[PDB]
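**Student:** Shown below is the structure under consideration.
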Amino acid sequence: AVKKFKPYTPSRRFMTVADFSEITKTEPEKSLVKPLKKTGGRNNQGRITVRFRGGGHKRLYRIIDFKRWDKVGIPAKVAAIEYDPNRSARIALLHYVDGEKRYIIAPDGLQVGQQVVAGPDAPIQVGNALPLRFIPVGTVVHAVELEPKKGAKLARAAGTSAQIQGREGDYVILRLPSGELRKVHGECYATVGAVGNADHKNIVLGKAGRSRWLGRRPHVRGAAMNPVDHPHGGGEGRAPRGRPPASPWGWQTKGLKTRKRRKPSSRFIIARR
Amino acid sequence: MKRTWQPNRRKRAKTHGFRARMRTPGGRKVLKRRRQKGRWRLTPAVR
RNA sequence: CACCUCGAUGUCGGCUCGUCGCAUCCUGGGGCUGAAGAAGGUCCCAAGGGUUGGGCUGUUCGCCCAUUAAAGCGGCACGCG
RNA sequence: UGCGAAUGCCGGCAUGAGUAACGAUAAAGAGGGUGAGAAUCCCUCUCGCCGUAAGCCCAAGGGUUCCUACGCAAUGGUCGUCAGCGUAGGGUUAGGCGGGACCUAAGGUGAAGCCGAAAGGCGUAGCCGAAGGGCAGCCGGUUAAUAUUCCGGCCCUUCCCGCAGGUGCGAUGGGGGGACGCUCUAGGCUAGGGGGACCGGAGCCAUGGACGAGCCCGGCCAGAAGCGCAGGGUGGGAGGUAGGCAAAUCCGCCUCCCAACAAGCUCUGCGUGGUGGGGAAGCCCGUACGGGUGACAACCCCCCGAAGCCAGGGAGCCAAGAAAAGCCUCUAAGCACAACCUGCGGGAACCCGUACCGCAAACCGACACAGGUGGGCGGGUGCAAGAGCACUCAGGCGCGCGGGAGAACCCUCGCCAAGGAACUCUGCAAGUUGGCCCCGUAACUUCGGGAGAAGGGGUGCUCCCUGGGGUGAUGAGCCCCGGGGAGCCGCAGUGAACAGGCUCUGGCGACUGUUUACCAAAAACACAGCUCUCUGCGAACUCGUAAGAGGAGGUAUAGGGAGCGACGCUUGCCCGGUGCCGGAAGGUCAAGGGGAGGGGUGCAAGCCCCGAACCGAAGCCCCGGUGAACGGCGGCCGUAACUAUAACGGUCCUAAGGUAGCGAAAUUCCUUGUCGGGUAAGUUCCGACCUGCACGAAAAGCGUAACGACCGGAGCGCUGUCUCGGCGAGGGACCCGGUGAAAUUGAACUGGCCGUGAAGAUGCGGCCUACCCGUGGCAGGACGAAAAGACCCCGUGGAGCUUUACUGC
RNA sequence: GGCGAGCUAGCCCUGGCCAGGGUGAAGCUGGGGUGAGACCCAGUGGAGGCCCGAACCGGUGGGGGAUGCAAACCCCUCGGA
RNA sequence: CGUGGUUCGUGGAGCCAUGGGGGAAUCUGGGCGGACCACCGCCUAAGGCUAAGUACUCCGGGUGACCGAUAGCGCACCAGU
RNA sequence: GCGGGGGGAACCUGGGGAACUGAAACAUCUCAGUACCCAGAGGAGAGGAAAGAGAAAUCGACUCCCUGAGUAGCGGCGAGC
RNA sequence: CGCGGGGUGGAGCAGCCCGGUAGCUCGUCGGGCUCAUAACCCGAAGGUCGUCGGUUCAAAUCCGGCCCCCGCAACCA
RNA sequence: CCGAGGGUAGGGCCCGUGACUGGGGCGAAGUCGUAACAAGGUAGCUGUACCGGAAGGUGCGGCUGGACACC
RNA sequence: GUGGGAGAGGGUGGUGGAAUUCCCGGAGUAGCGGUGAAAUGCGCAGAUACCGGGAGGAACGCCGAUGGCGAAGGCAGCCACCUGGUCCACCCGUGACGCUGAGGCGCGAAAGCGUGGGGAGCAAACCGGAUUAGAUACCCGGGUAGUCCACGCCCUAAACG
Ligand SMILES: NC[C@@H]1O[C@H](O[C@H]2[C@@H](O)[C@H](O[C@@H]3[C@@H](O)[C@H](N)C[C@H](N)[C@H]3O[C@H]3O[C@H](CO)[C@@H](O)[C@H](O)[C@H]3N)O[C@@H]2CO)[C@H](N)[C@@H](O)[C@@H]1O
Ligand SMILES: [Mg+2]
Ligand SMILES: [Mg+2]
Ligand SMILES: [Mg+2]
Ligand SMILES: [Mg+2]
Ligand SMILES: [Mg+2]
Ligand SMILES: [Mg+2]
Ligand SMILES: [Mg+2]
Ligand SMILES: [Mg+2]
Ligand SMILES: [Mg+2]
Ligand SMILES: [Mg+2]
Ligand SMILES: [Mg+2]
Ligand SMILES: [Mg+2]
Ligand SMILES: [Mg+2]
Ligand SMILES: [Mg+2]
Ligand SMILES: [Mg+2]
Ligand SMILES: [Mg+2]
Ligand SMILES: [Mg+2]
Ligand SMILES: [Mg+2]
Ligand SMILES: [Mg+2]
Ligand SMILES: [Mg+2]
Ligand SMILES: [Mg+2]
Ligand SMILES: [Mg+2]
Ligand SMILES: [Mg+2]
Ligand SMILES: [Mg+2]
Ligand SMILES: [Mg+2]
Ligand SMILES: [Mg+2]
Ligand SMILES: [Mg+2]
Ligand SMILES: [Mg+2]
Ligand SMILES: [Mg+2]
Ligand SMILES: [Mg+2]
Ligand SMILES: [Mg+2]
Ligand SMILES: [Mg+2]
Ligand SMILES: [Mg+2]
Ligand SMILES: [Mg+2]
Ligand SMILES: [Mg+2]
Ligand SMILES: [Mg+2]
Ligand SMILES: [Mg+2]
Ligand SMILES: [Mg+2]
Ligand SMILES: [Mg+2]
Ligand SMILES: [Mg+2]
Ligand SMILES: [Mg+2]
Ligand SMILES: [Mg+2]
Ligand SMILES: [Mg+2]
Ligand SMILES: [Mg+2]
Ligand SMILES: [Mg+2]
Ligand SMILES: [Mg+2]
Ligand SMILES: [Mg+2]
Ligand SMILES: [Mg+2]
Ligand SMILES: [Mg+2]
Ligand SMILES: [Mg+2]
Ligand SMILES: [Mg+2]
Ligand SMILES: [Mg+2]
Ligand SMILES: [Mg+2]
Ligand SMILES: [Mg+2]
Ligand SMILES: [Mg+2]
Ligand SMILES: [Mg+2]
Ligand SMILES: [Mg+2]
Ligand SMILES: [Mg+2]
Ligand SMILES: [Mg+2]
Ligand SMILES: [Mg+2]
Ligand SMILES: [Mg+2]
Ligand SMILES: [Mg+2]
Ligand SMILES: [Mg+2]
Ligand SMILES: [Mg+2]
Ligand SMILES: [Mg+2]
Ligand SMILES: [Mg+2]
Ligand SMILES: [Mg+2]
Ligand SMILES: [Mg+2]
Ligand SMILES: [Mg+2]
Ligand SMILES: [Mg+2]
Ligand SMILES: [Mg+2]
Ligand SMILES: [Mg+2]
Ligand SMILES: [Mg+2]
Ligand SMILES: [Mg+2]
Ligand SMILES: [Mg+2]
Ligand SMILES: [Mg+2]
Ligand SMILES: [Mg+2]
Ligand SMILES: [Mg+2]
Ligand SMILES: [Mg+2]
Ligand SMILES: [Mg+2]
Ligand SMILES: [Mg+2]
Ligand SMILES: [Mg+2]
Ligand SMILES: [Mg+2]
Ligand SMILES: [Mg+2]
Ligand SMILES: [Mg+2]
Ligand SMILES: [Mg+2]
Ligand SMILES: [Mg+2]
Ligand SMILES: [Mg+2]
Ligand SMILES: [Mg+2]
Ligand SMILES: [Mg+2]
Ligand SMILES: [Mg+2]
Ligand SMILES: [Mg+2]
Ligand SMILES: [Mg+2]
Ligand SMILES: [Mg+2]
Ligand SMILES: [Mg+2]
Ligand SMILES: [Mg+2]
Ligand SMILES: [Mg+2]
Ligand SMILES: [Mg+2]
Ligand SMILES: [Mg+2]
Ligand SMILES: [Mg+2]
Ligand SMILES: [Mg+2]
Ligand SMILES: [Mg+2]
Ligand SMILES: [Mg+2]
Ligand SMILES: [Mg+2]
Ligand SMILES: [Mg+2]
Ligand SMILES: [Mg+2]
Ligand SMILES: [Mg+2]
Ligand SMILES: [Mg+2]
Ligand SMILES: [Mg+2]
Ligand SMILES: [Mg+2]
Ligand SMILES: [Mg+2]
Ligand SMILES: [Mg+2]
Ligand SMILES: [Mg+2]
Ligand SMILES: [Mg+2]
Ligand SMILES: [Mg+2]
Ligand SMILES: [Mg+2]
Ligand SMILES: [Mg+2]
Ligand SMILES: [Mg+2]
Ligand SMILES: [Mg+2]
Ligand SMILES: [Mg+2]
Ligand SMILES: [Mg+2]
Ligand SMILES: [Mg+2]
Ligand SMILES: [Mg+2]
Ligand SMILES: [Mg+2]
Ligand SMILES: [Mg+2]
Ligand SMILES: [Mg+2]
Ligand SMILES: [Mg+2]
Ligand SMILES: [Mg+2]
Ligand SMILES: [Mg+2]
Ligand SMILES: [Mg+2]
Ligand SMILES: [Mg+2]
Ligand SMILES: [Mg+2]
Ligand SMILES: [Mg+2]
Ligand SMILES: [Mg+2]
Ligand SMILES: [Mg+2]
Ligand SMILES: [Mg+2]
Ligand SMILES: [Mg+2]
Ligand SMILES: [Mg+2]
Ligand SMILES: [Mg+2]
Ligand SMILES: [Mg+2]
Ligand SMILES: [Mg+2]
Ligand SMILES: [Mg+2]
Ligand SMILES: [Mg+2]
Ligand SMILES: [Mg+2]
Ligand SMILES: [Mg+2]
Ligand SMILES: [Mg+2]
Ligand SMILES: [Mg+2]
Ligand SMILES: [Mg+2]
Ligand SMILES: [Mg+2]
């Protein structure tokens, strides 16, 4: 857990790096499974559509398997546990017995010697994947399909998990990491357990630079702008928000709920407060 | 100190070049105008 | 007040450099004194010269330290970019 | 159709004025030559200046500027016989260097598709795209001028055709590889450099000494196969096989068998290599330039040693480090006479670039402009090191006006008696200090720091002894790092150049960072960190009419918005208003449904027109919540057995009346508050108190080590800051020869005073003073120049900004 | 309606650059310690928006320039490195 | 219903056009004559083509109470230089 | 196999479509369906043979000129059209 | 100088604004309860409405002036 | 050479003193309230934590040195 | 040593039901709550009381004692794992090997503290209702931290027999 540092410099005093002892690999990854990728936070027309992104470290994109249901029944050996820098989480390398190699996001409690399967068959054990309809109520669970065959969208972030509260008809009831309560179709795969590298949330960036490395450029407050620039800017000598606090674009950033109202998705949501 | 003309022969031709101008209706009408005005050179030099 | 100047008359203070006025701070000459002497007071003559260094403050001013014969007040576009 | 005005327009020519300047203070002097003519061109000598450059090479960019002949009108800040200038001729040679008949990257374009009033926008595959990947040439000689291009020598690549030997061949398809970070870094090499008593070499003994194991010059370069050293990559066999969108013998995966090692296989580097080639000083002529001998040159030992090579080397770390082709391998059709593989041999091998400048007089800066411009190499000695600094190689240059004088004054610099901040807004500026080694080093602290704290001692040369290291042998020599002893000289030994002044104490900001290109670098921005808030994923949000995209190939430990801003200890009360959040009732509510009743017109059947009740969203009202949401957090009167003061009470109002902390403050008007400290003297500063005009808790409150080209206050050290100036140097200023601007300018024959006048007169009145004209100087005046005042108002002038202004989108 | 990111700001792809010195993190090894530890010390090690300081990037203070060498320069000084 | 055109700006607002919803008939059928109804008239929508009379002046020519090199085109001249 | 593509001073039709300005402020209105941009057309282009006018039992496709007429109207019944 | 509010029994507030009427809480006084005091119960007293003029029939109330009080403002300069 | 000591520089400890500040002792009859001693009228005490003019109050846990009627 | 024994002794992982609160659905009507008595609060927007469903946290009723365990603080539903102390019977082994214990080290209720979680009920602070002269209290309605878990600190006590 979380290497610390003596203060031989300012900012070496609070910095905190991950315990990598979990990582069995280093400089990989399985060259058959990864392309590359790029961006700027700019979009097809050239324009910043997400503010304060850029620079930071080059990355190769580990391709990872969010469909477990196309290998139904083939088993797999956990071959390695290694460092994906596109995600909070860790990715286990697994060899199937096909000889097919695949990345999965690596559950908490997953040692690398072990066997993993997916399908209705499927022992309920860390790493396996099943239709939600075959997973016993109360199981914590991660990498959950939202809709059948469409891939896992739910609880992939380091430390996350979700939980089966019960069943209704074709649907089972999940408590997402958000606490929202949600019905997901029985047929959606999910892998059993929690995501792990749960210690993630406690790293301490420690210096401005550690943010730059991650591609996070400085973030300048409305308060520090002029009125051309932002609903709060001017007066100066500071200024209170002078108005209900606002985005650059004028909408209100305290309390104001932006989920669209008529989304047919609401029939399947019961919660989150 | 550094100044505003930093000649680069490629940039001249991909920016003000003839195929630039033709690629775009703004630029075809630049050629239309330059021609109808009787410009000797419709479009910049670069070697 | 709103007369010249808004097709521009640069504004405080400092410094430099002065020059002039006298309603005189000192020195010179005087009357009165509730002037014994000394030392003051107040007023008259008198512009020749003189009129310190320093702490504080942008300061002018002022307060203060140490001296002084005395540490004068004013004008000169609040003299002088 | 008549011009005097428009800071009018166009042109011409004046004034200023022979004035300022002539563009780095690196610096010149003479002799000879040339010529009509020479400070300025040529050659010689002497002097001086660059030398991590002011030398050499490359890429941009520039485009004949290159070389040579003939020229000097202009261009050249003077001159010019000279030139980057005029005229004219000449000059750029590649299968291997660069780029294309190769690959892909961002991006671009784009069959398919998608979207858009039109123009067009997007987009998979593909295509295009390079300073990245792939790819075969090294050394010398040659021209006035080009050379990895021509030539000499020694190598190599592809394609085509043949022959031989080998083999299931075969691709746009599968697989391997290519293929990768940042720090640090091993071993062996080379580049490069130093030294030699050894090798080779014209020549020299001057001026006192020196004929020497003297002095000065040089002592290498390239080189296939083979080989040797140093490294890189690298298992072999079988069986199974369901994966690698067909196929596979390949790759993947499982099991068994032997290798563990580079053993082998293989690739590269270096070295050596047949051979080829250079080869100094000097002296002689003879050169923009270089050319003979020296020479038959010598051609070797030692050491220093990369950042370069071996190269996919190794280690550690986290922020986790391109693609695709060449290349190999696998099979599909298809063909197995073919095809491919290997070696040899003959043939074939296109296009463009190539001159010259290239830190600049040839590029960007209107200029031969003190500016700007990416990669490489950049020698020697000494100073700890080093690309630093001084001198210096090669090489390059004295900056395209000069000569004199030796005033003021200005700039840049040197020194100063006594004093030592008295200077001044401020020690601004300058001075001090200054490198290295050693002693030594406080508060406080987040235990790292603070620290180079502070403060000191050492620092040269000679002789003696002496310890370990690298290289060699375990040897010497050569280098490296030391240690001890005894002496020498001077004012002084980091003897010159480069190289912190320090201390105390406040405010602000945690810290390194960021900023107003070109008056603000900061207490501003950012920043790790904390909190609120939105967002279940075709996410929220952003751009776009849309398609599409960003978000994100992310998924609540994530992503968006907002505030606060390391850390410590903390962040109180008010929900009445506003905002947001929740509320299936109620009220009002638009189109629409409704059609009671009324109307126009028809002979009428009808056609047409109104139209009440009632049903009918969101929003608003209403109900509640909500503070790290916008925000807000009282007044008057009385009271104690001196006095004062008021723990205490009364009352009025509020949604609630400011808690902790802090406080004359980056906030205190009165104000230089009062007291204390510092000083001889303190409107600042520091410590207090509290009467807080008008602090106060995430537009955070109070602190806080460390940090700061921030802002304040004090001391020591030290000084030309000052008392208070003096002297000296140089570049100007002055004089002479050459060249020769500028703003401004109604015209001028252009005095002072006291008046006067639109109120500040050279110009009017009176009086005074005053021969004509210049030079060098100073700035009082011409309400001096400059800029149609920026402040101020005016205009029903403009623009940016805000909002519960209006009205729209 | 068009022309501009050859200046400048941001990002994207691909390369390159950062003399020399200093200080001495974790880790590792050994020793000591303990019931086993934590931990202590030594060596090694070579971390860091670490320190001094060229190249490079700057632009702090002051002087100079002000019809400039220059429509932002020069000199001394200074920040990062 | 929402708009455009017409002189028509919502007006008593017809006509012509039509983005949206509903949605006929073939002469006894349909549009129109300024809301609407009656009468009286006009005309035959939802397919298409059609000279001439009209616009213009790169070009050629003819003519000026048009200019004469600061005029006349920007260009009398190798100027869109 | 035939055709398309692109250009042309101005002129033509179509799709789109401003602001200054005017209203002595300014929103409706004006400038103006102008400027402009886009597509197509030609030597012209558009229009064109009545589901028309509109009070006459009248006219007879369309274009262009004069006139009707600054009339009928329109209009913050304002400017104006 | 300026603009807005205020001055009412002893204290703090209503009442003015809309003419005629002065009210609420505390205090003070008389009486109870208590051994006693407060607390508590029953009772009373108490103001010309800053002041000076006017209007009216009548003025705390409407108007003017003066005297104070609280507040706001004083900017470009 | 050592060397009294003088000088310069930086530490340590100790006494004294200082605007102001903190509580404390003590001083016949001042002000506020009633915490405690009787079940002291809320049993008290208590470590600690928050709050409040003040005594104190409340929370959590603890101690007894506290407890003939009522469901 | 052997053979036995009782036990909420400690650490870990599980797990059970009762109840409270919250939500959904049913049915149902005008009050419910609360107190000394009341008010605040909740309720026709359909509460309270009743039934069904779900969520979640915390504490373990009867057994239970005047009891057992532990050195102390302390320990109480049930299951398992791991683990301490201790008692009895035997009279087997070693042979004074003992007792205490300044320092040291370790444990240490509650509250508090840091970092994550969790958060039902309760409840400092706080708000409101009442009481009172006042009532920053006692009672009533609310209510955050906390109470719970992991890890790490704090090191106190009427830590008492
Ligand atoms: N030891 C002093 C401590 O602190 C306080 O003591 C101080 C005060 O509380 C106490 O003051 C008392 C007061 O309570 C009492 N109710 C009124 C009385 N007059 C006062 O008394 C004081 O005042 C007068 C002066 O007037 C002195 O003469 C007299 O000595 C002294 N007692 O007097 C003490 C000082 O003298 C507490 N009483 C208590 O904690 C303890 O006694
Ligand atoms: Mg684009
Ligand atoms: Mg970087
Ligand atoms: Mg920010
Ligand atoms: Mg700003
Ligand atoms: Mg903008
Ligand atoms: Mg705005
Ligand atoms: Mg604001
Ligand atoms: Mg402000
Ligand atoms: Mg630069
Ligand atoms: Mg031509
Ligand atoms: Mg006037
Ligand atoms: Mg007048
Ligand atoms: Mg003026
Ligand atoms: Mg003038
Ligand atoms: Mg002037
Ligand atoms: Mg006199
Ligand atoms: Mg006398
Ligand atoms: Mg005199
Ligand atoms: Mg001062
Ligand atoms: Mg004063
Ligand atoms: Mg003056
Ligand atoms: Mg001046
Ligand atoms: Mg005329
Ligand atoms: Mg005239
Ligand atoms: Mg002159
Ligand atoms: Mg001159
Ligand atoms: Mg010169
Ligand atoms: Mg010169
Ligand atoms: Mg030199
Ligand atoms: Mg050198
Ligand atoms: Mg070129
Ligand atoms: Mg030449
Ligand atoms: Mg000349
Ligand atoms: Mg020439
Ligand atoms: Mg190509
Ligand atoms: Mg070819
Ligand atoms: Mg390609
Ligand atoms: Mg495109
Ligand atoms: Mg390339
Ligand atoms: Mg290349
Ligand atoms: Mg090549
Ligand atoms: Mg060569
Ligand atoms: Mg060449
Ligand atoms: Mg094959
Ligand atoms: Mg491949
Ligand atoms: Mg001799
Ligand atoms: Mg010599
Ligand atoms: Mg040698
Ligand atoms: Mg060789
Ligand atoms: Mg020879
Ligand atoms: Mg490696
Ligand atoms: Mg340069
Ligand atoms: Mg260079
Ligand atoms: Mg040159
Ligand atoms: Mg020159
Ligand atoms: Mg230059
Ligand atoms: Mg450079
Ligand atoms: Mg050195
Ligand atoms: Mg140098
Ligand atoms: Mg001196
Ligand atoms: Mg001194
Ligand atoms: Mg200074
Ligand atoms: Mg020095
Ligand atoms: Mg020192
Ligand atoms: Mg010597
Ligand atoms: Mg230094
Ligand atoms: Mg201050
Ligand atoms: Mg800072
Ligand atoms: Mg830095
Ligand atoms: Mg800023
Ligand atoms: Mg600036
Ligand atoms: Mg700075
Ligand atoms: Mg997407
Ligand atoms: Mg993506
Ligand atoms: Mg801030
Ligand atoms: Mg702050
Ligand atoms: Mg707050
Ligand atoms: Mg509120
Ligand atoms: Mg509310
Ligand atoms: Mg509200
Ligand atoms: Mg309703
Ligand atoms: Mg509604
Ligand atoms: Mg409300
Ligand atoms: Mg409070
Ligand atoms: Mg104060
Ligand atoms: Mg003070
Ligand atoms: Mg204040
Ligand atoms: Mg102070
Ligand atoms: Mg503040
Ligand atoms: Mg706040
Ligand atoms: Mg502070
Ligand atoms: Mg501080
Ligand atoms: Mg800084
Ligand atoms: Mg600073
Ligand atoms: Mg001087
Ligand atoms: Mg001189
Ligand atoms: Mg005269
Ligand atoms: Mg006069
Ligand atoms: Mg006259
Ligand atoms: Mg003169
Ligand atoms: Mg003058
Ligand atoms: Mg002068
Ligand atoms: Mg003007
Ligand atoms: Mg107006
Ligand atoms: Mg206006
Ligand atoms: Mg650019
Ligand atoms: Mg750019
Ligand atoms: Mg370099
Ligand atoms: Mg270094
Ligand atoms: Mg080092
Ligand atoms: Mg280091
Ligand atoms: Mg650094
Ligand atoms: Mg500077
Ligand atoms: Mg600056
Ligand atoms: Mg540095
Ligand atoms: Mg219309
Ligand atoms: Mg109409
Ligand atoms: Mg009909
Ligand atoms: Mg019709
Ligand atoms: Mg009709
Ligand atoms: Mg009609
Ligand atoms: Mg008709
Ligand atoms: Mg004529
Ligand atoms: Mg003529
Ligand atoms: Mg002309
Ligand atoms: Mg003429
Ligand atoms: Mg002309
Ligand atoms: Mg055409
Ligand atoms: Mg049109
Ligand atoms: Mg107008
Ligand atoms: Mg206007
Ligand atoms: Mg036609
Ligand atoms: Mg036609
Ligand atoms: Mg037609
Ligand atoms: Mg019109
Ligand atoms: Mg009355
Ligand atoms: Mg001694
Ligand atoms: Mg001594
Ligand atoms: Mg009591
Ligand atoms: Mg009590
Ligand atoms: Mg009690
Ligand atoms: Mg309380
Ligand atoms: Mg047990
Ligand atoms: Mg046991
Ligand atoms: Mg025995
Ligand atoms: Mg404890
Ligand atoms: Mg606890
Ligand atoms: Mg409660
Ligand atoms: Mg006990």
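Within each chain, counting starts at residue 1; across the structure tokens, chains are named A, B, ... in the order shown, with ligands numbered 1 upward in that order.
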10 Å from ligand 96 is the threshold here; counting only C-alpha atoms (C1' of nucleotides) and all ligand atoms, which polymer residues fall inside it? Answer as a PDB file with C-alpha atoms (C1' of nucleotides), in the first residue's frame.

**Tutor:**
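part.pdb, written as the output of this step:
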```
ATOM      1  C1'   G D 720      32.600  59.344  -3.981  1.00  0.00           C
ATOM      2  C1'   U D 721      25.635  57.989  -1.681  1.00  0.00           C
ATOM      3  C1'   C D 722      27.175  62.283   1.134  1.00  0.00           C
ATOM      4  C1'   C D 724      32.698  68.231  -1.020  1.00  0.00           C
ATOM      5  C1'   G D 725      34.908  67.939  -4.114  1.00  0.00           C
ATOM      6  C1'   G D 726      39.993  66.785  -6.691  1.00  0.00           C
TER       7        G D 726
END
```

**Student:** Please identify all protein, DNA and RNA residues within 9 Å of ligand 83, counting only C-alpha atoms (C1' of nucleotides) and all ligand atoms, and report them as number ranges by chain.

**Tutor:** D: 588-589, 617-620

**Student:** Okay, now the selection with N, CA and C atoms (P, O5', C5', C4', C3', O3' and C1' of nucleotides), as a PDB file, in the first residue's frame?

**Tutor:**
```pdb
ATOM      1  P     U D 588     -58.950  28.066 -10.852  1.00  0.00           P
ATOM      2  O5'   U D 588     -57.860  28.961 -11.583  1.00  0.00           O
ATOM      3  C5'   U D 588     -57.800  30.365 -11.387  1.00  0.00           C
ATOM      4  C4'   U D 588     -56.559  30.961 -12.011  1.00  0.00           C
ATOM      5  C3'   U D 588     -56.329  30.622 -13.476  1.00  0.00           C
ATOM      6  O3'   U D 588     -56.978  31.533 -14.337  1.00  0.00           O
ATOM      7  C1'   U D 588     -54.347  30.211 -12.241  1.00  0.00           C
ATOM      8  P     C D 589     -57.476  31.083 -15.793  1.00  0.00           P
ATOM      9  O5'   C D 589     -56.218  30.381 -16.436  1.00  0.00           O
ATOM     10  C5'   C D 589     -55.350  31.138 -17.252  1.00  0.00           C
ATOM     11  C4'   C D 589     -54.056  30.417 -17.499  1.00  0.00           C
ATOM     12  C3'   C D 589     -54.034  29.391 -18.616  1.00  0.00           C
ATOM     13  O3'   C D 589     -53.981  29.960 -19.908  1.00  0.00           O
ATOM     14  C1'   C D 589     -52.899  28.534 -16.742  1.00  0.00           C
ATOM     15  P     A D 617     -53.672  19.321 -17.064  1.00  0.00           P
ATOM     16  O5'   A D 617     -52.326  19.982 -17.547  1.00  0.00           O
ATOM     17  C5'   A D 617     -51.113  19.629 -16.931  1.00  0.00           C
ATOM     18  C4'   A D 617     -50.019  19.643 -17.944  1.00  0.00           C
ATOM     19  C3'   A D 617     -48.779  20.373 -17.521  1.00  0.00           C
ATOM     20  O3'   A D 617     -47.983  19.543 -16.747  1.00  0.00           O
ATOM     21  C1'   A D 617     -49.358  21.027 -19.701  1.00  0.00           C
ATOM     22  P     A D 618     -47.555  20.000 -15.297  1.00  0.00           P
ATOM     23  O5'   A D 618     -46.340  20.967 -15.606  1.00  0.00           O
ATOM     24  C5'   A D 618     -45.175  20.431 -16.188  1.00  0.00           C
ATOM     25  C4'   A D 618     -44.445  21.447 -17.008  1.00  0.00           C
ATOM     26  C3'   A D 618     -44.041  22.713 -16.282  1.00  0.00           C
ATOM     27  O3'   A D 618     -42.847  22.543 -15.559  1.00  0.00           O
ATOM     28  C1'   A D 618     -45.049  23.290 -18.308  1.00  0.00           C
ATOM     29  P     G D 619     -42.636  23.248 -14.132  1.00  0.00           P
ATOM     30  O5'   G D 619     -42.877  24.791 -14.398  1.00  0.00           O
ATOM     31  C5'   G D 619     -41.933  25.569 -15.114  1.00  0.00           C
ATOM     32  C4'   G D 619     -42.487  26.941 -15.363  1.00  0.00           C
ATOM     33  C3'   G D 619     -42.847  27.711 -14.119  1.00  0.00           C
ATOM     34  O3'   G D 619     -41.719  28.324 -13.524  1.00  0.00           O
ATOM     35  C1'   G D 619     -44.641  27.790 -15.595  1.00  0.00           C
ATOM     36  P     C D 620     -41.651  28.473 -11.929  1.00  0.00           P
ATOM     37  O5'   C D 620     -42.876  29.422 -11.624  1.00  0.00           O
ATOM     38  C5'   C D 620     -42.752  30.804 -11.854  1.00  0.00           C
ATOM     39  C4'   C D 620     -44.037  31.474 -11.540  1.00  0.00           C
ATOM     40  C3'   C D 620     -44.523  31.306 -10.125  1.00  0.00           C
ATOM     41  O3'   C D 620     -43.824  32.165  -9.251  1.00  0.00           O
ATOM     42  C1'   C D 620     -46.293  30.897 -11.594  1.00  0.00           C
TER      43        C D 620
END
```

**Student:** Just to confirm, what's the straight-line distance from atom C1' of residue 46 of chain D to atom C1' of residue 31 of chain D in Å (one decimal)?

**Tutor:** 11.2 Å

**Student:** Distance cut-off 12 Å, counting only C-alpha atoms (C1' of nucleotides) - which residues of chain G neighbour chain B? Return them as a count of residues only.

**Tutor:** 6

**Student:** Dump the neighbourhood of ligand 102 as a ChimeraX atom specification: all residues within 10 Å, distances computed on only C-alpha atoms (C1' of nucleotides) and all ligand atoms.

**Tutor:** /D:778-782,784

**Student:** Let me see the file: selected residues, C-alpha atoms (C1' of nucleotides), as a PDB file, in the first residue's frame.

**Tutor:**
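Produced file part24.pdb, reproduced below:
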```
ATOM      1  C1'   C D 778      23.436  77.837 -20.619  1.00  0.00           C
ATOM      2  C1'   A D 779      18.624  77.012 -20.848  1.00  0.00           C
ATOM      3  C1'   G D 780      15.037  82.016 -18.253  1.00  0.00           C
ATOM      4  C1'   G D 781      11.505  83.688 -22.557  1.00  0.00           C
ATOM      5  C1'   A D 782       9.465  83.285 -27.494  1.00  0.00           C
ATOM      6  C1'   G D 784       9.210  77.217 -27.336  1.00  0.00           C
TER       7        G D 784
END
```
